[PDB]
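Chemist: Questions regarding the structure given below will be posed in turn.
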Amino acid sequence: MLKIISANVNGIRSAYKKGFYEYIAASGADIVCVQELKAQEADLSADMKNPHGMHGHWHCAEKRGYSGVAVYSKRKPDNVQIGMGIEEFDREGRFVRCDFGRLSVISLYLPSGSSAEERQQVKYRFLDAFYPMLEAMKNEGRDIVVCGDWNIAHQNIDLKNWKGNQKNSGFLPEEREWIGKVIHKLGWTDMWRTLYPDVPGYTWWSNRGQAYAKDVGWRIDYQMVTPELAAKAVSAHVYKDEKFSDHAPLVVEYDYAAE
DNA sequence: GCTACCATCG
DNA sequence: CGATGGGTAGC
């Protein structure tokens, strides 16, 4: 009975003072993938490293209060990979992998390119360097879940006003069909869309105007699953009862057995 | 303060 | 449509 959550905490300390720590236990989650810690190893308290006795593994950026992802788990990972293996994106801490035998879960914070053009390009090199990486993992022959902020909305149904954002970062054509290739060419399963092909399921809302209140949001938080495991998904939900961030926790369940 | 991260008006 | 301005966490 497996349960995985993907939450972009927008600063783990802020989220913790907004009630995320209690949520980690309350949700009953077995594995929690968090992105955008906005903190370093020294900035982390004991509770932000091993919440409720869970094991934890993180990858922080060089500069302070920026990016950083982590993976918490009720069980001890028999393996852990920090960073992807490339200097350019590993100096930003955007990747953590945890192997639990046959299972393999990953917290990922794909770079955003909405700040500037150069950021957009770094995002593209990230796509071009992470693409073959996705392929390798598929050919490993194991159950793998890739949770995180991909900062890309796949189709028109994945965001409220898809008309005004066709020229903006996160919903550019080449991005959209980069994701399209990730789903079809490699056979990765966009779990939410597969479980519910007609439900928007927004996971992020801008700080602008009445974005959150009017439900003008994006679905940029994913759990890309392998087929043999994707077929074991039983349900999914976007938690919005409490607000720990501008993002919302993505909860997915799997009829699974670790034995 | 500064830096990084598209909804709303005309 | 295109032009115009943002709240938030952390340094």
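In the structure tokens, chains take the letters A, B, ... in the order shown, each chain's residues start at 1, and ligands count up from 1 in the order shown.
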Extract the full set of helix (DSSP H, G or I) residues from range 31-241 of chain A according to DSSP on the backbone, and format it as number ranges by chain.
Modeler: A: 51-53, 87-90, 117-138, 156-158, 173-184, 191-195, 227-230
Chemist: Export, as a short mmCIF file (atom, residue, chain, number, x, y, z; two decimals), in the first residue's frame, the selected residues with N, CA and C atoms.
Modeler:
```cif
data_model
loop_
_atom_site.label_atom_id
_atom_site.label_comp_id
_atom_site.auth_asym_id
_atom_site.auth_seq_id
_atom_site.Cartn_x
_atom_site.Cartn_y
_atom_site.Cartn_z
N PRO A 51 11.76 14.35 9.45
CA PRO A 51 10.43 14.64 10.00
C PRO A 51 9.76 13.38 10.53
N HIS A 52 9.33 13.41 11.79
CA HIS A 52 8.59 12.31 12.40
C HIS A 52 9.34 10.97 12.34
N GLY A 53 10.67 11.04 12.34
CA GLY A 53 11.49 9.85 12.35
C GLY A 53 11.79 9.29 10.97
N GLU A 87 27.52 19.68 -13.60
CA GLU A 87 27.94 20.83 -12.80
C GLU A 87 26.94 21.99 -12.86
N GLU A 88 26.48 22.27 -14.07
CA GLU A 88 25.72 23.47 -14.39
C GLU A 88 24.39 23.54 -13.65
N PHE A 89 23.79 22.37 -13.42
CA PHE A 89 22.51 22.30 -12.71
C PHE A 89 22.65 21.76 -11.29
N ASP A 90 23.75 21.04 -11.03
CA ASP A 90 24.01 20.54 -9.69
C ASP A 90 24.50 21.62 -8.74
N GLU A 117 15.63 35.66 -20.42
CA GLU A 117 15.86 34.84 -21.61
C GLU A 117 16.95 33.80 -21.37
N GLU A 118 17.98 34.21 -20.64
CA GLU A 118 19.12 33.36 -20.34
C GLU A 118 18.69 32.20 -19.44
N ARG A 119 17.76 32.49 -18.54
CA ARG A 119 17.19 31.47 -17.69
C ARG A 119 16.43 30.46 -18.54
N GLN A 120 15.67 30.96 -19.51
CA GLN A 120 14.96 30.11 -20.45
C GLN A 120 15.92 29.16 -21.16
N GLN A 121 17.07 29.68 -21.57
CA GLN A 121 18.09 28.84 -22.22
C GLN A 121 18.70 27.80 -21.29
N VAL A 122 19.01 28.19 -20.06
CA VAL A 122 19.49 27.22 -19.07
C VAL A 122 18.45 26.11 -18.87
N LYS A 123 17.19 26.50 -18.92
CA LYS A 123 16.08 25.56 -18.83
C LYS A 123 16.10 24.60 -20.01
N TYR A 124 16.38 25.13 -21.20
CA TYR A 124 16.46 24.28 -22.39
C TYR A 124 17.63 23.30 -22.37
N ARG A 125 18.80 23.76 -21.94
CA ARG A 125 19.94 22.85 -21.77
C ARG A 125 19.60 21.79 -20.73
N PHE A 126 18.79 22.18 -19.75
CA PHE A 126 18.37 21.23 -18.73
C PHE A 126 17.49 20.17 -19.35
N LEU A 127 16.58 20.58 -20.22
CA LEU A 127 15.72 19.63 -20.92
C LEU A 127 16.55 18.69 -21.79
N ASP A 128 17.50 19.25 -22.54
CA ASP A 128 18.32 18.47 -23.46
C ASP A 128 19.32 17.54 -22.76
N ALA A 129 19.64 17.83 -21.50
CA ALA A 129 20.60 17.02 -20.75
C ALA A 129 19.87 16.01 -19.87
N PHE A 130 18.62 16.32 -19.55
CA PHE A 130 17.81 15.50 -18.67
C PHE A 130 16.96 14.52 -19.47
N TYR A 131 16.74 14.83 -20.74
CA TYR A 131 16.02 13.94 -21.65
C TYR A 131 16.66 12.54 -21.73
N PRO A 132 17.97 12.46 -22.07
CA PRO A 132 18.56 11.12 -22.18
C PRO A 132 18.57 10.44 -20.82
N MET A 133 18.58 11.26 -19.77
CA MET A 133 18.57 10.77 -18.41
C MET A 133 17.26 10.05 -18.12
N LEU A 134 16.15 10.61 -18.60
CA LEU A 134 14.85 9.97 -18.45
C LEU A 134 14.81 8.63 -19.19
N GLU A 135 15.43 8.60 -20.37
CA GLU A 135 15.51 7.39 -21.18
C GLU A 135 16.27 6.25 -20.51
N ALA A 136 17.41 6.57 -19.90
CA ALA A 136 18.21 5.58 -19.20
C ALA A 136 17.40 4.91 -18.10
N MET A 137 16.71 5.73 -17.31
CA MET A 137 15.91 5.26 -16.19
C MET A 137 14.78 4.33 -16.62
N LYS A 138 14.19 4.61 -17.78
CA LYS A 138 13.13 3.77 -18.32
C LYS A 138 13.70 2.39 -18.68
N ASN A 156 -3.73 22.53 -23.17
CA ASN A 156 -4.64 23.63 -22.84
C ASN A 156 -5.44 23.41 -21.55
N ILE A 157 -5.71 22.15 -21.23
CA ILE A 157 -6.53 21.81 -20.08
C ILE A 157 -5.71 21.91 -18.79
N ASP A 158 -4.40 22.05 -18.93
CA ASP A 158 -3.50 22.06 -17.78
C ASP A 158 -3.27 23.45 -17.18
N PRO A 173 5.59 26.11 -26.98
CA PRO A 173 5.31 24.91 -27.79
C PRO A 173 6.36 23.81 -27.62
N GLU A 174 7.63 24.18 -27.75
CA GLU A 174 8.73 23.23 -27.71
C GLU A 174 8.85 22.57 -26.33
N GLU A 175 8.45 23.31 -25.30
CA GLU A 175 8.35 22.76 -23.96
C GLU A 175 7.22 21.73 -23.89
N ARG A 176 6.04 22.16 -24.34
CA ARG A 176 4.83 21.34 -24.33
C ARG A 176 5.06 19.97 -24.97
N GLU A 177 5.70 19.97 -26.13
CA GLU A 177 5.95 18.73 -26.85
C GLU A 177 7.27 18.07 -26.45
N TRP A 178 8.08 18.76 -25.66
CA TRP A 178 9.19 18.09 -25.00
C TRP A 178 8.56 17.14 -24.00
N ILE A 179 7.63 17.67 -23.21
CA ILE A 179 6.84 16.85 -22.30
C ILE A 179 6.09 15.77 -23.07
N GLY A 180 5.52 16.15 -24.20
CA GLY A 180 4.83 15.20 -25.07
C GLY A 180 5.71 14.02 -25.45
N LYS A 181 6.96 14.30 -25.78
CA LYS A 181 7.92 13.24 -26.08
C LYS A 181 8.24 12.41 -24.84
N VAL A 182 8.38 13.07 -23.70
CA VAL A 182 8.63 12.35 -22.44
C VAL A 182 7.50 11.36 -22.13
N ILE A 183 6.27 11.73 -22.47
CA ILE A 183 5.11 10.88 -22.19
C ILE A 183 4.94 9.77 -23.22
N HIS A 184 5.01 10.12 -24.50
CA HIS A 184 4.73 9.16 -25.57
C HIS A 184 5.97 8.40 -26.06
N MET A 191 0.82 10.64 -14.41
CA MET A 191 -0.14 9.93 -13.57
C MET A 191 -1.50 10.60 -13.40
N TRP A 192 -1.51 11.89 -13.08
CA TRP A 192 -2.76 12.61 -12.88
C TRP A 192 -3.65 12.58 -14.12
N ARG A 193 -3.08 12.96 -15.26
CA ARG A 193 -3.82 13.02 -16.51
C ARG A 193 -4.32 11.64 -16.95
N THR A 194 -3.55 10.61 -16.64
CA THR A 194 -3.95 9.24 -16.97
C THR A 194 -5.10 8.78 -16.08
N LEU A 195 -5.03 9.12 -14.80
CA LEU A 195 -6.10 8.78 -13.86
C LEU A 195 -7.36 9.58 -14.16
N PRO A 227 5.36 2.41 -16.64
CA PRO A 227 4.11 1.70 -16.96
C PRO A 227 3.67 0.62 -15.97
N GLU A 228 4.53 -0.35 -15.68
CA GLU A 228 4.17 -1.46 -14.79
C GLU A 228 3.76 -0.99 -13.39
N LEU A 229 4.19 0.22 -13.03
CA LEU A 229 3.81 0.82 -11.75
C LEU A 229 2.65 1.78 -11.95
N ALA A 230 2.65 2.49 -13.07
CA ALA A 230 1.56 3.39 -13.42
C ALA A 230 0.21 2.67 -13.43
#
```
Chemist: Using only C-alpha atoms (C1' of nucleotides), what does the table of chain B residues within 7 Å of chain A look like, with each row giving the shortest atom pair and its distance in Å to one decimal, sorted by chain and ascending number, as CSV?
Modeler:
```
residue,atom,partner,partner_atom,distance
B:4,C1',A:115,CA,7.0
B:5,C1',A:115,CA,6.6
B:7,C1',A:208,CA,5.7
```
Chemist: Tell me as a PyMOL selection string which residues belonging to chain C come within 10 Å of chain A, counting only C-alpha atoms (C1' of nucleotides).
Modeler: chain C and resi 1+6-11
Chemist: I want to know what sits within 12 Å of residue 10 in chain B, based on only C-alpha atoms (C1' of nucleotides), with residues of the same chain fewer than 2 positions away left out; could you give that as a compact mmCIF listing (two decimals) with C-alpha atoms (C1' of nucleotides), in the first residue's frame?
Modeler:
```
# COMPACT_ATOMS: atom_id res chain seq x y z
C1' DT B 8 -5.09 42.14 -15.61
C1' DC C 1 -4.76 40.99 -28.95
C1' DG C 2 -0.86 43.87 -26.85
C1' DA C 3 0.93 46.60 -23.24
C1' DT C 4 1.50 46.91 -18.51
```
Chemist: Among range 23-80 of chain A, which ones does DSSP assign to strand (DSSP E or B) (computed from the backbone)? Answer as a tab-separated table (two decimals) with N, CA and C atoms, in the first residue's frame.
Modeler:
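Ended up saving to states_3.tsv:
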```
chain	number	residue	atom	x	y	z
A	31	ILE	N	6.21	8.37	1.40
A	31	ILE	CA	7.33	9.10	0.81
A	31	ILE	C	6.89	10.51	0.42
A	32	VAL	N	7.65	11.51	0.86
A	32	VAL	CA	7.34	12.90	0.56
A	32	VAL	C	8.49	13.56	-0.19
A	33	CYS	N	8.22	13.97	-1.43
A	33	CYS	CA	9.22	14.67	-2.23
A	33	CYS	C	8.95	16.16	-2.19
A	34	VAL	N	9.92	16.92	-1.71
A	34	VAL	CA	9.78	18.37	-1.63
A	34	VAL	C	10.76	19.08	-2.55
A	35	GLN	N	10.34	20.23	-3.07
A	35	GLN	CA	11.20	21.02	-3.95
A	35	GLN	C	11.25	22.46	-3.47
A	55	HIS	N	13.44	8.95	7.31
A	55	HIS	CA	14.75	9.24	6.73
A	55	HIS	C	14.60	10.36	5.71
A	56	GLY	N	15.70	11.05	5.42
A	56	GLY	CA	15.65	12.18	4.50
A	56	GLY	C	16.96	12.41	3.77
A	57	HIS	N	16.86	12.82	2.51
A	57	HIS	CA	18.05	13.12	1.71
A	57	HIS	C	17.82	14.32	0.80
A	58	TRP	N	18.72	15.29	0.89
A	58	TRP	CA	18.55	16.57	0.19
A	58	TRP	C	19.73	16.93	-0.70
A	59	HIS	N	19.51	17.93	-1.56
A	59	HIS	CA	20.55	18.47	-2.42
A	59	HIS	C	20.35	19.97	-2.54
A	69	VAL	N	16.09	20.53	-3.32
A	69	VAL	CA	15.04	19.52	-3.22
A	69	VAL	C	15.40	18.48	-2.17
A	70	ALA	N	14.42	17.67	-1.78
A	70	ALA	CA	14.65	16.63	-0.78
A	70	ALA	C	13.63	15.50	-0.87
A	71	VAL	N	13.99	14.35	-0.31
A	71	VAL	CA	13.11	13.19	-0.27
A	71	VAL	C	13.07	12.62	1.14
A	72	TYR	N	11.87	12.58	1.71
A	72	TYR	CA	11.65	11.95	3.00
A	72	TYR	C	10.94	10.62	2.80
A	73	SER	N	11.22	9.66	3.67
A	73	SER	CA	10.67	8.32	3.52
A	73	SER	C	10.59	7.60	4.86
A	79	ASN	N	19.73	2.97	-1.38
A	79	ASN	CA	20.65	3.82	-2.13
A	79	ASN	C	20.19	5.27	-2.24
A	80	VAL	N	21.14	6.18	-2.44
A	80	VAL	CA	20.85	7.60	-2.59
A	80	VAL	C	21.80	8.25	-3.60
```
Chemist: Rounded to one decimal in Å, what is the spacing between CA of residue 255 in chain A and CA of residue 224 in chain A?
Modeler: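 For CA of residue 255 in chain A relative to CA of residue 224 in chain A, the distance reads 16.4 Å.
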